[PDB]
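Structure file run-v3.cif (mmCIF, C-alpha atoms and all ligand atoms) follows.
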data_target
#
loop_
_atom_site.label_atom_id
_atom_site.label_comp_id
_atom_site.auth_asym_id
_atom_site.auth_seq_id
_atom_site.Cartn_x
_atom_site.Cartn_y
_atom_site.Cartn_z
CA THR A 1 -119.28 101.89 -26.68
CA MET A 2 -116.46 101.33 -29.16
CA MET A 3 -114.79 98.09 -28.04
CA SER A 4 -117.72 96.73 -26.03
CA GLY A 5 -119.53 93.97 -27.85
CA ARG A 6 -116.35 93.10 -29.73
CA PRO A 7 -116.63 89.53 -31.09
CA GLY A 8 -115.30 86.81 -28.83
CA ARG A 9 -115.28 88.99 -25.71
CA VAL A 10 -115.79 87.03 -22.49
CA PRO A 11 -117.87 89.10 -20.05
CA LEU A 12 -116.53 90.08 -16.64
CA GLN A 13 -112.99 89.01 -17.57
CA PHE A 14 -110.36 91.47 -16.37
CA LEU A 15 -107.67 89.87 -18.53
CA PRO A 16 -108.40 87.30 -21.26
CA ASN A 17 -106.06 84.54 -22.37
CA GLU A 18 -105.07 86.42 -25.54
CA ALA A 19 -103.30 89.04 -23.40
CA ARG A 20 -100.64 86.53 -22.29
CA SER A 21 -98.74 87.02 -25.57
CA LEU A 22 -97.81 90.63 -24.77
CA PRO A 23 -94.71 91.73 -22.84
CA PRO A 24 -95.62 92.12 -19.18
CA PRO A 25 -94.75 95.46 -17.56
CA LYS A 26 -91.33 95.62 -15.96
CA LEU A 27 -91.44 95.71 -12.18
CA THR A 28 -89.34 98.90 -12.30
CA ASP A 29 -91.86 100.59 -14.58
CA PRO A 30 -92.20 104.35 -13.95
CA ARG A 31 -95.97 103.86 -13.73
CA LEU A 32 -95.53 101.14 -11.10
CA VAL A 33 -93.18 103.43 -9.19
CA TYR A 34 -95.83 106.17 -9.34
CA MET A 35 -98.41 103.73 -7.96
CA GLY A 36 -96.02 102.99 -5.11
CA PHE A 37 -95.60 106.73 -4.56
CA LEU A 38 -99.38 107.11 -4.34
CA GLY A 39 -99.47 104.33 -1.75
CA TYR A 40 -96.77 106.03 0.31
CA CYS A 41 -98.66 109.33 0.15
CA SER A 42 -101.79 107.54 1.34
CA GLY A 43 -99.87 106.12 4.30
CA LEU A 44 -98.49 109.54 5.22
CA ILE A 45 -101.96 111.10 5.01
CA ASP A 46 -103.31 108.31 7.20
CA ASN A 47 -100.69 109.05 9.86
CA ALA A 48 -101.41 112.78 9.64
CA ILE A 49 -105.17 112.27 10.00
CA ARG A 50 -104.81 109.89 12.95
CA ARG A 51 -102.28 112.32 14.51
CA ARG A 52 -99.39 109.85 14.70
CA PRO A 53 -95.84 110.87 13.74
CA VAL A 54 -96.20 111.14 9.99
CA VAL A 55 -92.92 109.59 8.85
CA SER A 56 -92.17 107.34 11.86
CA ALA A 57 -95.31 105.56 13.06
CA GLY A 58 -97.12 102.68 11.40
CA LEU A 59 -94.33 101.29 9.24
CA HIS A 60 -96.23 98.04 8.70
CA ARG A 61 -99.33 99.98 7.63
CA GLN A 62 -97.31 102.13 5.22
CA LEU A 63 -95.69 99.01 3.75
CA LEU A 64 -99.12 97.46 3.21
CA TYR A 65 -100.32 100.65 1.51
CA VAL A 66 -97.37 100.63 -0.89
CA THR A 67 -97.62 96.91 -1.61
CA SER A 68 -101.37 97.00 -2.31
CA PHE A 69 -101.01 99.98 -4.63
CA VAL A 70 -98.16 98.33 -6.54
CA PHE A 71 -100.11 95.06 -6.87
CA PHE A 72 -103.23 96.72 -8.27
CA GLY A 73 -101.11 99.00 -10.44
CA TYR A 74 -99.33 96.06 -12.04
CA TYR A 75 -102.61 94.39 -12.97
CA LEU A 76 -104.10 97.69 -14.17
CA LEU A 77 -101.09 98.32 -16.41
CA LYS A 78 -101.42 94.85 -17.91
CA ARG A 79 -105.07 95.48 -18.75
CA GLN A 80 -104.37 98.95 -20.19
CA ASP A 81 -101.58 97.63 -22.42
CA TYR A 82 -103.78 94.77 -23.62
CA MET A 83 -106.64 97.12 -24.53
CA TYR A 84 -104.35 99.45 -26.48
CA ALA A 85 -102.80 96.49 -28.32
CA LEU A 86 -106.30 95.30 -29.20
CA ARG A 87 -107.18 98.74 -30.58
CA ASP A 88 -104.05 98.84 -32.74
CA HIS A 89 -104.72 95.31 -34.01
CA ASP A 90 -108.29 96.17 -35.02
CA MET A 91 -107.26 99.44 -36.69
CA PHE A 92 -104.54 97.76 -38.74
CA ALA A 93 -106.85 94.92 -39.78
CA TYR A 94 -109.55 97.35 -40.90
CA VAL A 95 -107.10 99.45 -42.91
CA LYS A 96 -105.79 96.27 -44.55
CA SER A 97 -109.29 95.06 -45.42
CA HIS A 98 -110.54 98.44 -46.78
CA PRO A 99 -107.97 99.55 -49.38
CA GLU A 100 -110.51 101.61 -51.34
CA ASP A 101 -111.09 103.57 -48.12
CA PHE A 102 -107.38 103.89 -47.25
CA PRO A 103 -105.57 104.30 -50.58
CA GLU A 104 -101.87 104.90 -50.98
CA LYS A 105 -101.19 108.33 -52.46
CA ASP A 106 -98.41 109.36 -54.81
CA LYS A 107 -95.85 111.49 -52.98
CA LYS A 108 -95.03 114.84 -54.57
CA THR A 109 -91.80 116.56 -53.60
CA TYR A 110 -91.74 120.17 -52.48
CA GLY A 111 -90.20 121.05 -55.84
CA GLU A 112 -93.47 120.01 -57.49
CA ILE A 113 -95.85 121.18 -54.75
CA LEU A 114 -96.84 124.84 -55.12
CA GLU A 115 -97.32 126.78 -51.88
CA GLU A 116 -98.25 130.45 -51.63
CA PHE A 117 -95.68 132.74 -50.02
CA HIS A 118 -96.94 135.39 -47.60
CA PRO A 119 -94.22 137.95 -46.77
CA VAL A 120 -93.86 139.26 -43.23
CA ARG A 121 -93.45 143.03 -43.47
CA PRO B 1 -49.51 138.98 -41.69
CA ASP B 2 -50.38 135.30 -42.19
CA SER B 3 -53.18 135.49 -39.62
CA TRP B 4 -55.77 136.26 -42.31
CA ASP B 5 -56.06 135.82 -46.06
CA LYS B 6 -55.00 138.86 -48.08
CA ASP B 7 -57.24 137.84 -50.99
CA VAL B 8 -60.34 137.71 -48.78
CA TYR B 9 -59.36 140.94 -46.97
CA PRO B 10 -57.55 143.09 -49.55
CA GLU B 11 -55.38 146.04 -48.59
CA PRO B 12 -53.91 148.43 -51.17
CA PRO B 13 -50.13 148.85 -51.08
CA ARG B 14 -49.10 151.45 -48.52
CA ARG B 15 -47.31 154.51 -49.93
CA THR B 16 -45.61 156.43 -47.12
CA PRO B 17 -43.70 159.55 -48.23
CA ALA B 18 -40.16 159.97 -47.02
CA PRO B 19 -39.56 162.80 -44.51
CA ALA B 20 -38.20 165.99 -46.08
CA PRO B 21 -37.51 168.44 -43.25
CA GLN B 22 -36.86 172.09 -44.08
CA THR B 23 -35.98 173.47 -40.62
CA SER B 24 -33.18 172.92 -38.13
CA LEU B 25 -35.69 172.66 -35.28
CA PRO B 26 -35.83 169.24 -33.58
CA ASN B 27 -38.88 167.10 -34.18
CA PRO B 28 -40.80 166.45 -30.95
CA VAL B 29 -42.73 163.67 -32.69
CA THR B 30 -39.46 161.94 -33.59
CA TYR B 31 -38.09 162.32 -30.06
CA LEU B 32 -41.31 161.00 -28.51
CA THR B 33 -41.39 158.07 -30.95
CA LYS B 34 -37.85 157.17 -29.91
CA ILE B 35 -38.90 157.35 -26.25
CA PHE B 36 -41.96 155.18 -26.94
CA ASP B 37 -39.82 152.58 -28.70
CA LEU B 38 -37.25 152.54 -25.89
CA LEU B 39 -39.67 152.39 -22.95
CA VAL B 40 -42.70 150.46 -24.25
CA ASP B 41 -41.99 148.62 -27.50
CA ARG B 42 -38.87 146.80 -26.31
CA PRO B 43 -40.36 145.49 -23.02
CA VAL B 44 -43.60 144.41 -24.70
CA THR B 45 -41.60 142.68 -27.45
CA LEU B 46 -39.53 140.84 -24.84
CA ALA B 47 -42.68 139.77 -23.00
CA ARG B 48 -44.30 138.50 -26.19
CA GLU B 49 -41.11 136.64 -27.09
CA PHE B 50 -41.19 134.89 -23.72
CA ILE B 51 -44.89 134.05 -24.10
CA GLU B 52 -44.37 132.68 -27.62
CA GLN B 53 -41.41 130.61 -26.41
CA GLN B 54 -43.67 129.10 -23.75
CA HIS B 55 -46.36 128.45 -26.37
CA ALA B 56 -44.04 126.60 -28.75
CA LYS B 57 -43.38 123.91 -26.13
CA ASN B 58 -47.08 122.88 -26.01
CA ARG B 59 -48.04 123.06 -29.68
CA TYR B 60 -51.41 121.42 -30.39
CA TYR B 61 -53.90 121.79 -33.22
CA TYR B 62 -57.63 122.22 -33.82
CA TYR B 63 -59.61 121.54 -36.97
CA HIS B 64 -62.42 123.02 -39.06
CA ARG B 65 -65.63 121.00 -39.23
CA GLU B 66 -66.71 119.85 -42.70
CA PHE B 67 -70.34 119.05 -43.50
CA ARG B 68 -71.04 116.89 -46.53
CA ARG B 69 -73.92 117.97 -48.74
CA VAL B 70 -77.37 116.45 -48.27
CA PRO B 71 -80.55 116.56 -50.39
CA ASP B 72 -82.51 119.79 -50.05
CA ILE B 73 -86.17 120.57 -49.45
CA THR B 74 -86.83 120.46 -53.20
CA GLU B 75 -85.75 116.81 -53.24
CA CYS B 76 -87.55 115.94 -50.00
CA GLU B 77 -91.00 114.38 -50.37
CA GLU B 78 -94.08 115.89 -48.76
CA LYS B 79 -94.18 115.32 -44.99
CA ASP B 80 -91.07 113.13 -45.07
CA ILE B 81 -89.86 114.28 -41.68
CA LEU B 82 -86.28 112.98 -41.82
CA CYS B 83 -85.43 114.43 -45.23
CA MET B 84 -87.15 117.66 -44.22
CA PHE B 85 -85.00 117.78 -41.08
CA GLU B 86 -81.75 117.27 -42.98
CA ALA B 87 -82.69 119.85 -45.62
CA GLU B 88 -83.79 122.41 -43.02
CA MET B 89 -80.55 122.07 -41.07
CA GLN B 90 -78.57 122.46 -44.29
CA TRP B 91 -80.56 125.57 -45.22
CA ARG B 92 -79.91 127.10 -41.80
CA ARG B 93 -76.17 126.48 -42.16
CA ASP B 94 -76.24 128.07 -45.62
CA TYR B 95 -78.13 131.04 -44.17
CA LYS B 96 -75.42 131.55 -41.55
CA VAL B 97 -72.68 131.32 -44.18
CA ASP B 98 -74.45 133.89 -46.38
CA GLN B 99 -74.80 136.24 -43.41
CA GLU B 100 -71.07 136.00 -42.77
CA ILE B 101 -70.41 136.68 -46.48
CA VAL B 102 -72.41 139.89 -46.24
CA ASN B 103 -70.50 140.76 -43.06
CA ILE B 104 -67.18 140.35 -44.88
CA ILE B 105 -68.32 142.59 -47.74
CA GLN B 106 -69.51 145.25 -45.28
CA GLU B 107 -66.16 145.15 -43.49
CA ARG B 108 -64.46 145.69 -46.85
CA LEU B 109 -66.66 148.72 -47.48
CA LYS B 110 -66.03 150.31 -44.07
CA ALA B 111 -62.28 149.75 -44.16
CA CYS B 112 -62.01 151.15 -47.68
CA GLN B 113 -63.95 154.30 -46.77
CA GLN B 114 -61.76 154.93 -43.74
CA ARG B 115 -58.56 154.23 -45.69
CA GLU B 116 -59.43 156.54 -48.58
CA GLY B 117 -60.39 159.31 -46.18
CA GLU B 118 -61.30 162.46 -48.10
CA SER B 119 -61.50 160.87 -51.58
CA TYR B 120 -63.81 158.05 -50.54
CA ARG B 121 -66.66 158.92 -52.90
CA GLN B 122 -64.58 158.20 -56.01
CA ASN B 123 -62.03 155.68 -54.70
CA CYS B 124 -64.58 153.39 -52.99
CA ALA B 125 -66.94 152.93 -55.94
CA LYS B 126 -65.51 149.47 -56.63
CA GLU B 127 -66.37 148.20 -53.15
CA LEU B 128 -69.74 149.96 -53.22
CA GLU B 129 -70.81 148.04 -56.34
CA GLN B 130 -69.88 144.68 -54.81
CA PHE B 131 -71.79 145.53 -51.65
CA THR B 132 -74.80 146.64 -53.70
CA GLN B 133 -74.84 143.37 -55.66
CA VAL B 134 -74.34 141.16 -52.60
CA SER B 135 -76.97 143.00 -50.56
CA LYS B 136 -79.42 142.83 -53.47
CA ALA B 137 -78.99 139.07 -53.82
CA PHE B 138 -79.15 138.49 -50.05
CA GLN B 139 -82.28 140.64 -49.77
CA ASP B 140 -84.00 138.79 -52.61
CA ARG B 141 -83.12 135.48 -50.94
CA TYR B 142 -84.02 136.23 -47.31
CA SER B 143 -85.89 139.54 -47.32
CA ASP B 144 -89.30 138.98 -45.71
CA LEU B 145 -89.33 135.40 -44.45
CA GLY B 146 -90.35 136.36 -40.91
CA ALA B 147 -89.47 135.27 -37.40
CA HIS B 148 -90.46 131.66 -38.12
CA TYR B 149 -88.50 131.36 -41.36
CA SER B 150 -88.01 127.95 -42.91
CA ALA B 151 -86.64 126.26 -46.00
CA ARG B 152 -90.21 125.67 -47.17
CA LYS B 153 -91.00 129.39 -46.96
CA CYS B 154 -87.80 130.29 -48.82
CA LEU B 155 -88.68 127.73 -51.49
CA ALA B 156 -92.19 129.16 -51.80
CA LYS B 157 -90.74 132.65 -52.20
CA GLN B 158 -88.37 131.37 -54.88
CA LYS B 159 -91.26 129.71 -56.71
CA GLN B 160 -93.20 132.99 -56.61
CA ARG B 161 -90.17 134.87 -57.94
CA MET B 162 -89.63 132.33 -60.73
CA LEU B 163 -93.30 132.54 -61.74
CA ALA B 164 -93.09 136.34 -61.81
CA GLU B 165 -89.93 136.25 -63.94
CA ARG B 166 -91.50 133.76 -66.34
CA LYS B 167 -94.62 135.90 -66.67
CA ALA B 168 -92.53 139.02 -67.29
CA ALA B 169 -90.48 137.22 -69.95
CA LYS B 170 -93.64 135.97 -71.68
CA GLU B 171 -95.17 139.45 -71.61
CA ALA B 172 -91.98 140.98 -73.05
CA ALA B 173 -91.88 138.35 -75.81
CA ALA B 174 -95.56 138.99 -76.57
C1 LIG C 1 -92.77 116.39 0.65
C2 LIG C 1 -93.07 116.95 -0.72
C3 LIG C 1 -94.49 116.67 -1.18
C4 LIG C 1 -94.80 117.15 -2.59
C5 LIG C 1 -96.23 116.88 -3.04
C6 LIG C 1 -96.58 115.41 -3.14
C7 LIG C 1 -97.94 115.08 -2.54
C8 LIG C 1 -98.01 115.35 -1.05
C9 LIG C 1 -97.12 114.44 -0.21
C10 LIG C 1 -97.86 113.29 0.43
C11 LIG C 1 -98.56 113.65 1.73
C12 LIG C 1 -97.58 114.05 2.82
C13 LIG C 1 -98.20 114.19 4.20
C14 LIG C 1 -99.34 115.18 4.27
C15 LIG C 1 -99.65 115.61 5.69
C16 LIG C 1 -98.44 116.17 6.41
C17 LIG C 1 -98.77 116.70 7.79
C18 LIG C 1 -97.57 117.20 8.54
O1 LIG C 1 -97.61 117.88 9.53
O2 LIG C 1 -96.44 116.79 7.97
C19 LIG C 1 -95.21 117.11 8.66
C20 LIG C 1 -94.32 115.90 8.63
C21 LIG C 1 -93.38 115.86 9.81
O3 LIG C 1 -94.07 116.37 10.97
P1 LIG C 1 -94.42 115.40 12.19
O4 LIG C 1 -93.47 115.69 13.29
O5 LIG C 1 -94.56 114.01 11.71
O6 LIG C 1 -95.84 115.98 12.63
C22 LIG C 1 -96.02 117.41 12.64
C23 LIG C 1 -97.49 117.71 12.72
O7 LIG C 1 -98.16 117.11 11.60
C24 LIG C 1 -97.76 119.20 12.72
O8 LIG C 1 -99.19 119.39 12.70
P2 LIG C 1 -99.80 120.86 12.79
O9 LIG C 1 -100.99 120.78 13.66
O10 LIG C 1 -98.73 121.84 13.10
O11 LIG C 1 -100.29 121.07 11.29
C25 LIG C 1 -100.75 122.36 10.85
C26 LIG C 1 -100.56 122.45 9.36
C27 LIG C 1 -100.85 121.14 8.69
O12 LIG C 1 -100.59 121.32 7.28
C28 LIG C 1 -100.46 120.21 6.55
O13 LIG C 1 -100.60 119.11 6.99
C29 LIG C 1 -100.10 120.53 5.14
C30 LIG C 1 -99.72 119.30 4.34
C31 LIG C 1 -100.91 118.48 3.90
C32 LIG C 1 -101.79 119.17 2.88
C33 LIG C 1 -102.16 118.29 1.71
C34 LIG C 1 -100.95 117.58 1.13
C35 LIG C 1 -101.14 117.08 -0.28
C36 LIG C 1 -102.16 115.97 -0.45
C37 LIG C 1 -102.43 115.67 -1.90
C38 LIG C 1 -102.95 116.88 -2.66
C39 LIG C 1 -102.23 117.17 -3.96
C40 LIG C 1 -100.74 117.40 -3.82
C41 LIG C 1 -100.12 118.11 -5.01
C42 LIG C 1 -100.70 119.49 -5.24
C43 LIG C 1 -100.11 120.25 -6.41
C44 LIG C 1 -100.63 121.67 -6.52
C45 LIG C 1 -100.44 122.45 -5.24
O14 LIG C 1 -101.56 123.38 8.84
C46 LIG C 1 -101.12 124.55 8.36
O15 LIG C 1 -99.96 124.88 8.38
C47 LIG C 1 -102.24 125.37 7.81
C48 LIG C 1 -101.76 126.54 6.97
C49 LIG C 1 -101.45 126.18 5.53
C50 LIG C 1 -102.68 125.87 4.70
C51 LIG C 1 -102.53 126.22 3.23
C52 LIG C 1 -101.48 125.42 2.49
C53 LIG C 1 -101.91 123.99 2.18
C54 LIG C 1 -101.00 123.28 1.19
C55 LIG C 1 -101.61 122.02 0.61
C56 LIG C 1 -100.81 121.39 -0.53
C57 LIG C 1 -99.44 120.88 -0.12
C58 LIG C 1 -98.76 120.03 -1.19
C59 LIG C 1 -97.35 119.57 -0.85
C60 LIG C 1 -97.23 118.65 0.35
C61 LIG C 1 -96.87 119.35 1.66
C62 LIG C 1 -96.69 118.40 2.83
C63 LIG C 1 -95.65 117.35 2.59
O16 LIG C 1 -93.50 115.99 7.43
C64 LIG C 1 -93.85 115.25 6.37
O17 LIG C 1 -94.80 114.52 6.35
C65 LIG C 1 -92.92 115.47 5.22
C66 LIG C 1 -93.27 114.68 3.97
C67 LIG C 1 -92.71 113.27 3.99
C68 LIG C 1 -91.19 113.19 3.92
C69 LIG C 1 -90.67 111.77 3.79
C70 LIG C 1 -89.15 111.64 3.76
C71 LIG C 1 -88.66 110.20 3.70
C72 LIG C 1 -87.15 110.04 3.76
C73 LIG C 1 -86.40 110.67 2.59
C74 LIG C 1 -86.86 110.18 1.23
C75 LIG C 1 -86.00 110.66 0.08
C76 LIG C 1 -86.61 110.44 -1.30
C77 LIG C 1 -86.91 109.00 -1.66
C78 LIG C 1 -85.83 108.27 -2.47
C79 LIG C 1 -84.57 107.87 -1.72
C80 LIG C 1 -83.45 108.89 -1.74
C81 LIG C 1 -82.21 108.42 -1.01
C1 LIG C 2 -110.54 79.14 -14.66
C2 LIG C 2 -111.28 80.28 -13.96
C3 LIG C 2 -110.31 81.46 -13.72
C4 LIG C 2 -111.11 82.72 -13.37
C5 LIG C 2 -110.15 83.91 -13.21
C6 LIG C 2 -110.94 85.21 -12.95
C7 LIG C 2 -111.42 85.80 -14.30
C8 LIG C 2 -111.85 87.28 -14.09
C9 LIG C 2 -112.85 87.36 -12.91
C10 LIG C 2 -113.19 88.85 -12.61
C11 LIG C 2 -113.79 88.95 -11.18
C12 LIG C 2 -115.15 88.21 -11.13
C13 LIG C 2 -116.29 89.19 -11.50
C14 LIG C 2 -116.32 90.37 -10.51
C15 LIG C 2 -116.57 91.70 -11.27
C16 LIG C 2 -115.59 91.79 -12.50
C17 LIG C 2 -115.21 93.27 -12.80
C18 LIG C 2 -114.07 93.29 -13.84
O1 LIG C 2 -113.29 92.16 -13.67
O2 LIG C 2 -114.61 93.29 -15.13
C19 LIG C 2 -113.87 94.05 -16.05
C20 LIG C 2 -114.07 95.54 -15.75
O3 LIG C 2 -112.81 96.12 -15.43
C21 LIG C 2 -112.92 97.47 -15.04
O4 LIG C 2 -113.80 98.11 -15.90
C22 LIG C 2 -111.54 98.14 -15.11
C23 LIG C 2 -111.22 98.80 -13.73
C24 LIG C 2 -110.28 100.03 -13.96
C25 LIG C 2 -110.00 100.73 -12.60
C26 LIG C 2 -109.28 102.09 -12.88
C27 LIG C 2 -110.14 102.91 -13.89
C28 LIG C 2 -109.22 103.85 -14.72
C29 LIG C 2 -109.26 105.29 -14.12
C30 LIG C 2 -108.27 106.20 -14.90
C31 LIG C 2 -107.24 106.81 -13.91
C32 LIG C 2 -106.59 105.66 -13.08
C33 LIG C 2 -105.93 106.25 -11.82
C34 LIG C 2 -105.24 105.13 -11.04
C35 LIG C 2 -106.29 104.12 -10.57
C36 LIG C 2 -105.78 103.43 -9.30
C37 LIG C 2 -114.37 93.76 -17.46
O5 LIG C 2 -115.74 93.43 -17.40
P1 LIG C 2 -116.70 93.82 -18.70
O6 LIG C 2 -117.60 92.73 -19.05
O7 LIG C 2 -115.90 93.93 -19.92
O8 LIG C 2 -117.53 95.22 -18.38
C38 LIG C 2 -118.78 95.44 -19.04
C39 LIG C 2 -119.20 96.92 -18.91
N1 LIG C 2 -118.59 97.74 -19.97
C40 LIG C 2 -118.59 97.04 -21.22
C41 LIG C 2 -119.35 98.95 -20.13
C42 LIG C 2 -117.25 98.09 -19.60
#
Produce structure tokens that represent the structure in this file.
Amino acid sequence: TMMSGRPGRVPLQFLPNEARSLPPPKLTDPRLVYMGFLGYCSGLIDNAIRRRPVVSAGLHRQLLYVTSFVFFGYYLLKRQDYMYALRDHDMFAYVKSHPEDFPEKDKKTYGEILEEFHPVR
Amino acid sequence: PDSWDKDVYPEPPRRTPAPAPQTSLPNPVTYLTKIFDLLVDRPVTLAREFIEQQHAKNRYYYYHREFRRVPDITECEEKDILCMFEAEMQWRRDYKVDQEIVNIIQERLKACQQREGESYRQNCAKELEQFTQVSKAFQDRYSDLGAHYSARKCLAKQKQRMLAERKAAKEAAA
């Protein structure tokens, strides 16, 4: 468990207060659109299984499928973005605090770097 | 003609002997040349004159792209992706230009052999030496880079060649 037991972590909290400082996902996000597509596919499969006209019947049910999937997808995207931001924050802080472990290296140009040449013949 | 550059594509002056007939018989070649001029050359010349008149009314121009020089892979730092990209693109353009240079020299060689005809072995030695030198330099530059050639591989080959030349010079001086 990498990020479990991280200091200051409130248990059973889907989204903490420190995640409110990040940009929320746009409602037209491609991932949100894919969640809506999954909901629509679920509605079509429901119609097919219950032997109703696949594209015609149950418009209210299909709308509920799409809306529920988009709702949960929006919240899931927020949590995913927050966790990745947390990982980047921790990695940067550790690199900053351990310079002897992450030292800057002098950059040698390719004129000074010697590389062996292997002909193709 | 002004279509191409005479200095880039040289042609020796053309020496055509004057006709010196010794018989009273008519020349079928002369008669057929007159017929060809009367029936073909005049109509095609008139057609080209009309076409060129139509072209001169819509005269527009196009230009030759110029690329400014950029630092090469020697100047680029290690794993500096942007400088590496610029240098690699420049090296590829230089490779294309060198290929076209070799093509021009080869065209010189072929045209000279055909023009000289039966005395090509002696009269085309000047163009053979230029082709030999250009091909030697081009081969040393881009001989065995491979299918996935790159500026880094060409630089590594040049470093190997320079090290070999330095070692040979040191051994000779020893
Ligand atoms: C549409 C492209 C989809 C691409 C993939 C995306 C994922 C799948 C789509 C979501 C699920 C769709 C529904 C599934 C069940 C369909 C059942 C059916 O009959 O459907 C016929 C149904 C119409 O027929 P119906 O009169 O309602 O009822 C006829 C009876 O069902 C007739 O009943 P029956 O008793 O005659 O049925 C017998 C038939 C029953 O056969 C089926 O039911 C086959 C279809 C279901 C199989 C599983 C589907 C996939 C589920 C997810 C799995 C992963 C998908 C990706 C896989 C990738 C690798 C392959 O069984 C056989 O033929 C057995 C032999 C073949 C077996 C071996 C082949 C199996 C292939 C399985 C994979 C198929 C994947 C592609 C999807 C194909 C269907 C759309 O047509 C559709 O549902 C068409 C699709 C929906 C179109 C919506 C259009 C909306 C308006 C335009 C929108 C424009 C774009 C939006 C933006 C705005 C632009 C302006
Ligand atoms: C003022 C009061 C306001 C209160 C507001 C509510 C605060 C949050 C309340 C949460 C609900 C009450 C508790 C009910 C159970 C909570 C479950 C959830 O909220 O907890 C989170 C859990 O969230 C879930 O784990 C994330 C669900 C993700 C669902 C998708 C999984 C990803 C699959 C990848 C493909 C996705 C495909 C598309 C999916 C639809 C974090 O809990 P955590 O203490 O830390 O877990 C400890 C165990 N660990 C450490 C091992 C993890």
Using all atoms listed in the file, select each residue of chain B with any atom at most 10 Å away from an atom of chain A, and give the selection as a CSV table (one decimal) with C-alpha atoms, keeping the file's coordinate frame.
chain,number,residue,atom,x,y,z
B,72,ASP,CA,-82.5,119.8,-50.0
B,73,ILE,CA,-86.2,120.6,-49.4
B,74,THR,CA,-86.8,120.5,-53.2
B,75,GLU,CA,-85.8,116.8,-53.2
B,76,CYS,CA,-87.6,115.9,-50.0
B,77,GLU,CA,-91.0,114.4,-50.4
B,78,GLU,CA,-94.1,115.9,-48.8
B,79,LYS,CA,-94.2,115.3,-45.0
B,80,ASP,CA,-91.1,113.1,-45.1
B,84,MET,CA,-87.2,117.7,-44.2
B,143,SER,CA,-85.9,139.5,-47.3
B,144,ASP,CA,-89.3,139.0,-45.7
B,145,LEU,CA,-89.3,135.4,-44.4
B,146,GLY,CA,-90.4,136.4,-40.9
B,147,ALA,CA,-89.5,135.3,-37.4
B,148,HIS,CA,-90.5,131.7,-38.1
B,149,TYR,CA,-88.5,131.4,-41.4
B,152,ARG,CA,-90.2,125.7,-47.2
B,153,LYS,CA,-91.0,129.4,-47.0
B,154,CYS,CA,-87.8,130.3,-48.8
B,155,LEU,CA,-88.7,127.7,-51.5
B,156,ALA,CA,-92.2,129.2,-51.8
B,157,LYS,CA,-90.7,132.6,-52.2
B,158,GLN,CA,-88.4,131.4,-54.9
B,159,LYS,CA,-91.3,129.7,-56.7
B,160,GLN,CA,-93.2,133.0,-56.6
B,161,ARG,CA,-90.2,134.9,-57.9
Contacts of ligand LIG 1 (chain C), 7 Å or closer, only C-alpha atoms and all ligand atoms, given as a PyMOL selection string:
chain A and resi 41-42+44-45+48+51+53-55
Using only C-alpha atoms and all ligand atoms, which residues of the polymer chains come no farther than 7 Å from ligand LIG 2 (chain C)? I'd like the answer as a list in words.
residues 4, 10, 11, 12, 13, 14, 15, 73 and 76 of chain A
Tell me, in Å to one decimal, how far CA of residue 113 in chain B is from CA of residue 142 in chain B.
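Between CA of residue 113 in chain B and CA of residue 142 in chain B the gap works out to 27.0 Å.
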Env of residue 68 in chain A: 12 Å cut, atoms = all atoms listed in the file, seq-sep filter 6 positions within chain, self excluded. Answer as a list in words.
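With the cut-off at 12 Å, the set is residues 32, 35, 36, 37, 38, 39, 40, 42, 43, 61, 62, 74 and 75 of chain A.
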Near range 11-23 of chain B, counting only C-alpha atoms, which residues have an atom at most 12 Å away, once you skip same-chain residues fewer than 5 positions from it, shown as a ChimeraX atom specification?
/B:1,4-6,30,107-109,111-112,114-116,123-124
Edge lengths and centre, in Å to one decimal, as AutoDock Vina command-line options: that's what I need for the box along x, y and z that holds all listed atoms of range 111-114 of chain B plus 3 Å on each side.
--center_x -62.9 --center_y 152.3 --center_z -45.7 --size_x 8.2 --size_y 11.2 --size_z 9.9
Export range 118-122 of chain B, N, CA, C and O atoms, as a PDB file, in the first residue's frame; it's the structure right above.
ATOM      1  N   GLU B 118      33.114   7.280 -79.145  1.00  0.00           N
ATOM      2  CA  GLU B 118      34.122   6.237 -79.280  1.00  0.00           C
ATOM      3  C   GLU B 118      35.450   6.576 -78.613  1.00  0.00           C
ATOM      4  O   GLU B 118      36.283   5.681 -78.440  1.00  0.00           O
ATOM      5  N   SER B 119      35.663   7.826 -78.218  1.00  0.00           N
ATOM      6  CA  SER B 119      36.876   8.246 -77.527  1.00  0.00           C
ATOM      7  C   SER B 119      36.588   8.587 -76.069  1.00  0.00           C
ATOM      8  O   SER B 119      37.189   9.494 -75.495  1.00  0.00           O
ATOM      9  N   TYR B 120      35.655   7.857 -75.456  1.00  0.00           N
ATOM     10  CA  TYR B 120      35.200   8.212 -74.118  1.00  0.00           C
ATOM     11  C   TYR B 120      36.228   7.864 -73.053  1.00  0.00           C
ATOM     12  O   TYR B 120      36.257   8.501 -71.996  1.00  0.00           O
ATOM     13  N   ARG B 121      37.069   6.861 -73.299  1.00  0.00           N
ATOM     14  CA  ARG B 121      38.015   6.435 -72.274  1.00  0.00           C
ATOM     15  C   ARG B 121      39.035   7.524 -71.975  1.00  0.00           C
ATOM     16  O   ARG B 121      39.428   7.716 -70.819  1.00  0.00           O
ATOM     17  N   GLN B 122      39.471   8.252 -72.999  1.00  0.00           N
ATOM     18  CA  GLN B 122      40.453   9.310 -72.807  1.00  0.00           C
ATOM     19  C   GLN B 122      39.808  10.668 -72.559  1.00  0.00           C
ATOM     20  O   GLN B 122      40.313  11.450 -71.746  1.00  0.00           O
TER      21      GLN B 122
END
